[PDB]
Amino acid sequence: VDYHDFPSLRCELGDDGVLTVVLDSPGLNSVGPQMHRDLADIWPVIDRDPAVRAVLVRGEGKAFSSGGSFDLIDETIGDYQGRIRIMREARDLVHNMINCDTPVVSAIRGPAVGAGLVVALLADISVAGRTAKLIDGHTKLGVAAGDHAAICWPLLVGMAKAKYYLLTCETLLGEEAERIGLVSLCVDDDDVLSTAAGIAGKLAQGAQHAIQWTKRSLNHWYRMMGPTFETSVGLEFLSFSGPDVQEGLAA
């Protein structure tokens, strides 16, 4: 198996069975049409790849991802058929990460916004920098938060924190995110990647079935909320034809 079907992504296989997946693109790793599809569809390939034992996922440089690019949001608003495509991709990103038994570790440095946040937060283990900026962003942009949060935030931070950050879109930094249960760990910015790599390395060298089946069991908690998640997806893509988003991209 080769990761050439995913040309927007940089996939590197170490000797320990860790696959590094890097988001590397302009505008602090913004997610364009090709990356949005690649992020969605890579997971079932990784999960059938016998050479891979763990995934380490990150952005290049001092940033996870600023999320969807101007062009991606444009297409979503201005074209039905493209909207439908991008919607299916948003759905599958969540469904495929959640159904991937291979453990995943995220190293979150700088911003993680929208589609980028999905990947950051649906990793099994998430490592955030003290100063990392975790931004769901949807309500301020003017659309419903339908790309992951309804499937997991309550079961990460409890309903009172979830409602607060998701409705207000107040900025949440890695240190406070760790305090409230959104991420597994918080470490100094400079140590985010090495901390994550070590965990990923340990998982890769661990007892495989034990690890994967533990993951899989726990993931039933998210899968049970699949219909609630897909409601949120529908409502988000509906809202993309609404007035507010026009003002929202302008700001």
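From 1 onward, residues are counted along the sequence shown.
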query: Average Cα temperature factor in the PDB entry - higher stretch of 127-135, 154-162; finding: 127-135
query: Average Cα temperature factor in the PDB entry - higher stretch of 72-80, 91-99; finding: 72-80
query: Third of the chain's Cα B-factor distribution that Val18 belongs to, per the entry; finding: highest
query: Lowest, middle or highest third - CA B-factor, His209; finding: middle
query: Within-chain third of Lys215 by Cα B-factor, per the entry; finding: lowest
query: Within-chain third of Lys62 by Cα B-factor, per the entry; finding: highest
query: Ranked against its chain, the third holding the CA B-factor of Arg37; finding: middle
